[PDB]
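Undergrad:
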Amino acid sequence: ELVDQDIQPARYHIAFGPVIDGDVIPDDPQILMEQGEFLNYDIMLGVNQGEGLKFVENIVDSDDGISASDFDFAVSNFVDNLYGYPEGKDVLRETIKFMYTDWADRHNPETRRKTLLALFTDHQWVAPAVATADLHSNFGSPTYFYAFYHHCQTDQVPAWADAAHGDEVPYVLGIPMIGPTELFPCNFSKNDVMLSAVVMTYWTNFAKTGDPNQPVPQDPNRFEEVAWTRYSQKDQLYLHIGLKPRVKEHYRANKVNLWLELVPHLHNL
Amino acid sequence: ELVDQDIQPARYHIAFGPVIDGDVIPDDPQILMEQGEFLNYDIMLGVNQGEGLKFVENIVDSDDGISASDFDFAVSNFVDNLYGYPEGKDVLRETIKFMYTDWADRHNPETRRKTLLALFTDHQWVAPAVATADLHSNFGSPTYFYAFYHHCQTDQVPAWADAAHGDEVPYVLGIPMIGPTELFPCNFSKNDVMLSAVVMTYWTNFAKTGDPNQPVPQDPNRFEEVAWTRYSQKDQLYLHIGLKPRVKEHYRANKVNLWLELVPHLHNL
Amino acid sequence: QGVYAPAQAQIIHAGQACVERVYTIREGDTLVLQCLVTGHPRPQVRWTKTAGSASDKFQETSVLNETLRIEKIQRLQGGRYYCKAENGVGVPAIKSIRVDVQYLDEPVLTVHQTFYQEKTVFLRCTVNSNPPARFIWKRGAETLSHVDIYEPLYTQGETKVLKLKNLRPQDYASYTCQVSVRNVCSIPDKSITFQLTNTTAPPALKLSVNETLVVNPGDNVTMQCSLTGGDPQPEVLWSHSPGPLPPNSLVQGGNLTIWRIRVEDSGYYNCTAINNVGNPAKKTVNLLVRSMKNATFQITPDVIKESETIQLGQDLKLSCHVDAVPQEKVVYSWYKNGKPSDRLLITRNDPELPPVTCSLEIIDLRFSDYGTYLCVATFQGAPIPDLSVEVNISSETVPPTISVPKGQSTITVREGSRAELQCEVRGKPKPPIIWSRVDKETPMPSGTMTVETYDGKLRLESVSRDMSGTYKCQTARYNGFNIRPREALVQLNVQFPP
Ligand SMILES: *[C@@H]1O[C@H](CO)[C@@H](O[C@@H]2O[C@H](CO)[C@@H](O[C@@H]3O[C@H](CO)[C@@H](O)[C@H](O)[C@@H]3O)[C@H](O)[C@H]2NC(C)=O)[C@H](O)[C@H]1NC(C)=O
Ligand SMILES: *[C@@H]1O[C@H](CO)[C@@H](O)[C@H](O)[C@H]1NC(C)=O
Ligand SMILES: *[C@@H]1O[C@H](CO)[C@@H](O)[C@H](O)[C@H]1NC(C)=O
Ligand SMILES: *[C@@H]1O[C@H](CO)[C@@H](O)[C@H](O)[C@H]1NC(C)=O
Ligand SMILES: *[C@@H]1O[C@H](CO)[C@@H](O)[C@H](O)[C@H]1NC(C)=O
Ligand SMILES: *[C@@H]1O[C@H](CO)[C@@H](O)[C@H](O)[C@H]1NC(C)=O
Ligand SMILES: *[C@@H]1O[C@H](CO)[C@@H](O)[C@H](O)[C@H]1NC(C)=O
């Protein structure tokens with residue numbers, strides 16, 4: 018009787034879930050993390066290139082593109098739901114549109130789709146993850162960061178979609194090694210098996226020693242000479258997980274800092 | 018008696034100069050251009066990589082870097098002088114700082130110097146030039162756009178400086194061909210002579226036919242196979258003038274559009 | 014010059030106007046500007062206009078008259094006009110004025126629908142107007158923030174949107190966008206209304222043919238495009254690319270019929286539905302008419318031995334090609350004094366040569382190979398006719414050479430009359446000649462860079478002096494030897510009076 022009830026929460030929010038009770042959860046995670054009120058665990062975290070596929074999938078026209086008006090609408094809905102501020106939502110919406118507009122090739126409805134997808138991805142996954150990594154490393158927690166830029170496209174997802182939310186799971190679980198399953202029907206390639214082995218090696222290495230690089234080496238395997246450096250707020254090194262893996266720095270620094278530093282400022286303190 | 022008087026104008030503005038009299042100058046150039054109220058001349062225009070050297074040259078510390086506080090001050094002075102709006106200058110200053118902050122390597126005082134220099138360069142030279150080119154081509158004027166990324170460093174300018182305001186003049190005038198002069202004492206290299214010849218070829222070609230590519234070909238000369246395509250608002254092709262010349266698209270599109278589209282919006286219409 | 018005085022101009026306002034340096038009038042009214050002038054000798058006056066040649070309000074308008082008169086003015090006739098007055102003494106006098114024609118078209122009202130808690134509709138109101146328009150929304154009563162209103166980016170004041178964040182029952186009503194131009198030039202406001210109901214829905218279409226449709230010439234093809242949803246009832250419309258639909262194709266409305274379809278009718282036919290709700294629905298069908306044209310052969314002597322001639326003990330490729338619409342569906346058959354091939358003579362269907370070209374090679378050429386070869390291109394069970402290309406190989410066959418007959422290298426003609434340029438080619442077979450211009454990169458009488466000719470003659474009906482220059486003639490790489498083309502030049506003088 019309780020489960021079958023229809024309880025709709027605010028958009029982008031939840032009704033029933035974890036709460037700040039002051040016991041299990043002593044305080045707002047934001048406050049606890051900013052003030053370093055947490056123990057120093059070994060941490061590994063990351064995000065996927067195109068988390069927000071479903072965010073735009075429903076507003077895409079028959080041409081796989083998004084109109085300028087639809088773009089404005091999405092942002093408008095986005096601003097109202099997440100930033101329910103009465104005075105100043107106008108400047109916010111316009112600023113957000115500008116940042117996520119590709120001024121080189123600004124008229125392309127398909128590029129518009131990509132950047133809009135990036136907006137939701139950056140806000141809901143990338144920015145929070147970086148904030149967590151920055152605070153954990155800053156307060157002494159050994160941190161490792163990754164970006165997943167690979168996936169296996171089924172005939173059920175658009176051909177233009179990049180790695181979406183959850184697409185890394187099959188690799189982490191080694192599904193490619195036992196071939197397509199009822200739950201994961203994608204026709205995994207040799208490269209999928211190779212990448213799956215790599216992910217599992219990194220994941221279990223972390224579990225065994227707290228270091229993705231120890232004790233099992235990456236044994237053509239493109240990760241043979243790629244050591245996963247620890248993440249720090251100063252260099253912000255992260256592992257680019259794909260068929261052409263390598264260590265990079267400051268993942269989407271510009272867009273991430275927009276949400277973490279400037280937008281909060283526009284709140285008028 | 019009239020010349021020796023001390024008449025200081027507003028910062029970044031002039032006291033005595035061209036005025037909108039309704040005769041010689043029928044109206045605000047902005048209005049005339051937006052409404053296409055001008056004849057279709059053949060036009061060639063461009064800007065230099067580091068126009069605004071003098072803008073930051075005076076605020077640089079003994080380490081060739083700019084402090085975060087000095088950066089804030091420069092922007093603060095910049096916002097007040099150009100954007101004398103009473104309500105809203107706060108959000109403006111903060112937005113401008115964010116855009117011209119390199120979030121990858123955000124703590125480097127020298128990178129801070131470069132981006133600050135870019136701010137003044139973009140606002141005073143690049144943005145207005147693009148606006149002119151966009152409107153001229155849009156209204157049918159044959160347009161050619163360039164970016165000057167070369168110069169000859171004298172012992173009087175900082176070693177870190179890029180092509181500054183006026184640095185293209187010696188090349189346009191062929192000074193390198195007759196060696197260092199009293200007015201232009203830089204020890205011109207073979208490359209300076211080569212580039213000077215190229216610029217003069219392009220400039221005079223435009224004068225002869227209205228096409229920088231005709232009738233004299235670029236005759237090792239790295240411009241041999243580089244045809245200068247006409248500028249248009251859709252592709253915004255421009256010639257990158259340097260020792261490694263080539264045609265590019267949408268010069269600093271992101272930063273240019275900030276000044277031309279978003280900032281004006283923040284005025285509250 | 015004691016009494017001679019420089020020209021002096023002054024603009025005056027007349028005709029119909031409204032309400033400093035600008036002359037604002039309502040569209041459709043009459044403009045009357047007068048330019049009073051002084052100075053000795055009496056200066057002449059011409060009204061002209063200044064506009065970007067390639068955009069918007071542009072007209073070439075040079076009138077010699079102290080009065081500018083534009084009756085029933087229009088949007089485009091607007092702009093900046095200047096009166097110039099000169100008399101020889103001193104600098105000409107110039108005065109500027111901006112004519113600002115004003116108007117207010119009928120507004121357009123469109124609407125769009127849209128976790129999972131609240132349903133949201135966006136009512137977008139757009140209108141073209143000078144000056145910029147003022148928008149007012151109402152649901153019988155005027156609406157304020159009490160829902161949200163605003164102007165989005167990428168709009169210069171021509172657009173306002175009414176956002177209904179939570180769609181409660183009272184909101185299901187008739188919304189009307191009332192747009193005003195401040196009654197300047199005594200122009201009335203205008204309104205448009207829409208009936209927002211919970212049945213309101215964008216258009217939807219269903220097509221009676223597949224994504225891509227292949228057909229033979231002459232066949233009659235009819236395509237039914239029917240609505241499957243939409244409120245208000247959307248309007249269905251057919252369109253064609255490239256070019257227009259007709260002739261021999263009629264639209265009943267929804268039904269599109271093509272009679273006796275020709276090959277040129279191929280392309281995309283798009284059915285679109287619109288009701289000012291959401292994005293318009295569009296179904297697209299690509300109609301491909303079958304055809305085969307321009308069958309061509311190529312003689313390719315031994316390339317690795319660097320030969321340009323048929324020589325015993327060499328490889329000899331005999332290629333074959335035809336232009337077809339279902340290009341992938343063509344099939345070639347190589348006959349040789351009848352129809353045979355494994356040893357020595359082998360088939361190759363796709364070399365570096367043009368697309369889908371069948372070419373057999375003859376290894377170690379031999380007198381026994383001297384014969385008449387035939388290639389037959391055909392469609393699998395298609396009513397269309399087959400095409401063929403015969404190519405006789407013998408001791409006589411020889412790469413070509415080109416020259417200019419006698420002394421017609423330079424041929425002079427008088428402008429207007431007809432001109433005939435001549436090159437003569439020798440070889441077996443003789444390939445066609447391709448004429449091009451060399452002194453400059455310009456097109457030709459045919460409007461393109463090059464022209465095909467078999468007689469080696471280039472005919473010029475109405476010769477123009479512009480054509481005067483140097484011309485190149487060269488052997489084709491098809492219908493003959495696939496060898497470095499042989500070249501020859503001819504001069505063309507187009508004489509004209511002094
Ligand atoms: C019939 O079909 C043949 C092809 O089998 C056509 O010949 C082709 O003509 C085009 C343009 O006339 C040639 O394009 C060329 O491309 C090269 C690229 O290297 C360029 O250098 C040339 O200046 C030219 O643009 C193409 O090569 C040529 N193909 C062959 C095999 O010769 C012929 O035009 C067609 N004729 C008719 C009446 O349909
Ligand atoms: C000038 O134009 C007006 C009407 O446009 C006409 O009535 C008048 O005769 C013209 N006179 C001259 C000198 O052009
Ligand atoms: C919509 O409104 C109509 C009233 O005309 C009502 O009958 C119907 O139940 C409502 N709901 C839907 C889903 O149409
Ligand atoms: C096409 O239509 C014409 C009359 O419209 C008819 O006479 C002819 O037989 C039809 N041909 C085919 C192939 O349908
Ligand atoms: C029809 O649609 C195709 C793409 O589906 C497009 O390339 C073409 O321009 C369209 N034609 C018209 C007339 O809209
Ligand atoms: C389709 O329309 C044509 C004329 O446009 C008409 O002759 C034909 O009978 C119609 N057929 C159908 C099935 O609607
Ligand atoms: C080639 O040989 C055939 C064999 O019958 C003959 O008909 C034709 O006239 C010859 N000449 C050609 C094809 O130019």
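Chain order of the listed sequences is A, B and C. Each step along the first sequence adds one to the number in this note's numbering, with nothing skipped, and position 113 is 130. Each step along the second sequence adds one to the number in this note's numbering, with nothing skipped, and position 229 is 246. Each step along the third sequence adds one to the number in this note's numbering, with nothing skipped, and position 392 is 405. For each residue, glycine too, the CB sits at the ideal point set by N, CA and C.
(1) So the candidates are C/416, C/311 and C/470; which of them puts its Cα closest to the Cα of residue 1 of chain C?
(2) Would you list, in sequence order, the uninterrupted alpha helix (DSSP H) runs of no fewer than 4 residues that lie entirely inside the stretch 130-211 of chain A?
(3) Going by alpha carbons, who is nearest to residue 190 of chain B out of B/203, B/178 and B/214?
(4) Give the secondary structure of residue 214 of chain A by DSSP, where H, G and I count as helix, E and B as strand, and everything else as coil.
(5) Return the Cβ separation of residue 211 of chain B and residue 230 of chain B in integer angstroms, given the expectation that the two are a contact with Cβ distance under 8 Å.
(6) Count the other CB atoms, across all protein chains shown, that sit within 10 Å of the CB of residue 255 of chain C; report buried if there are 16 or more and exposed otherwise.
(7) Among B/242, B/97 and B/140, whose alpha-carbon lies nearest the alpha-carbon of residue 277 of chain B?
(8) For ligand 7, any of its heavy atoms closer than 6 Å to the Cβ of residue 309 of chain C?
(9) What are the boundary residues of the beta strand (DSSP E) that includes residue 412 of chain C?
(10) If you compare alpha carbons, which of C/367, C/42, C/291 and C/483 is closest to residue 84 of chain C?
(11) Per DSSP, which one or two residues make a beta bridge with residue 113 of chain C?
(12) Provide the residue(s) that pair with residue 270 of chain C in DSSP beta bridges, ordered along the chain.
(13) Mark residue 17 of chain C as exposed unless 16 or more other C-beta atoms lie within 10 angstroms of its C-beta, in which case mark it buried.
(14) Does the structure place the stretch 318-337 of chain C close enough to the stretch 413-432 of chain C that three or more beta carbon pairs sit under 8 Å?
(15) For residue 108 of chain A, which residues in chain F fall below 7 Å Cβ to Cβ?
(16) Given 8 Å as the limit, is there contact between the stretch 220-236 of chain C and the stretch 138-145 of chain C, that is, 3 or more CB pairs closer than that?
(17) Check this for me: beta carbons of residue 110 of chain A and residue 86 of chain A, under 7 Å apart or not?
(18) Following a CB-centred definition, is residue 254 of chain C positioned closer than 6 Å to any heavy atom of ligand 5?
(19) Just the Cα atoms here: how many angstroms apart are residue 271 of chain C and residue 299 of chain C?
(20) Which same chain residues, not among the five before or five after residue 189 of chain C, have their C-beta less than 6 Å away from its C-beta?
(21) Tell me whether residue 64 of chain C sits in a helix, a strand or coil according to DSSP, three-state version.
(22) Where does residue 271 of chain B sit, in a helix, a strand or coil, going by DSSP?
(23) Can you have a look at residue 225 of chain A and say buried or exposed, based on whether 16 or more other CB atoms are within 10 angstroms of its CB?
(24) Could you tell me how far apart the beta carbons of residue 116 of chain B and residue 275 of chain B are, in whole angstroms, since I believe they sit closer than 8 Å?
(25) Compute the minimum distance between the beta carbon of residue 292 of chain C and the heavy atoms of ligand 2, and state whether it is under 6 Å.
(26) Can you confirm whether residue 28 of chain A, when its beta carbon is compared against all beta carbons of chain C, has any partner nearer than 7 Å?
(27) Please name the residue or residues paired with residue 61 of chain B in a DSSP beta bridge.
(28) Cβ of residue 159 of chain B less than 7 Å from any chain C Cβ?
(29) Quick check on residue 33 of chain B - is its C-beta less than 7 Å from some C-beta in chain C?
(30) Is the shortest distance between the beta-carbon of residue 22 of chain C and the beta-carbons of chain B less than 7 Å?
(31) Just how far apart, CA to CA, sit residue 52 of chain B and residue 61 of chain B?
(32) Please list the terminal residues of the continuous beta strand (DSSP E) segment that includes residue 450 of chain C.
(33) Does the beta carbon of residue 385 of chain C fall short of 6 Å from some heavy atom of ligand 7?
(34) Can a CB atom of chain A be found closer than 7 Å to the CB of residue 287 of chain B?
(35) Going by the C-beta, is residue 195 of chain C closer than 6 Å to any heavy atom of ligand 2?
(36) Who are residue 427 of chain C's beta bridge partners in DSSP?
TA: Reading off the structure:
(1) Since the displayed chain C opens at 14 and closes at 511, residue 1 of chain C lies outside it and no answer follows.
(2) Correct list: 144-155 and 186-189.
(3) B/214
(4) helix
(5) Not really, about 18 Å apart at Cβ, beyond 8 Å.
(6) Exposed, because fewer than 16 other Cβ atoms sit within 10 Å of the Cβ of residue 255 of chain C.
(7) Of the candidates B/242, B/97 and B/140, the one whose C-alpha sits nearest the C-alpha of residue 277 of chain B is B/140.
(8) no
(9) 411-416
(10) C/42
(11) C/37
(12) C/235 and C/263
(13) exposed
(14) no
(15) You won't find chain F in this structure, because its protein chains are A, B and C.
(16) no
(17) no
(18) yes
(19) 13 Å
(20) 151, 204 and 206
(21) coil
(22) helix
(23) exposed
(24) 6 Å
(25) no
(26) yes
(27) B/161
(28) No, its Cβ sits nowhere closer than 7 Å to a Cβ of chain C.
(29) no
(30) no
(31) 21 Å
(32) 446-450
(33) yes
(34) Outside the modelled stretch of chain B, which goes from 18 to 286, sits residue 287 of chain B, for which no answer is possible.
(35) no
(36) C/508
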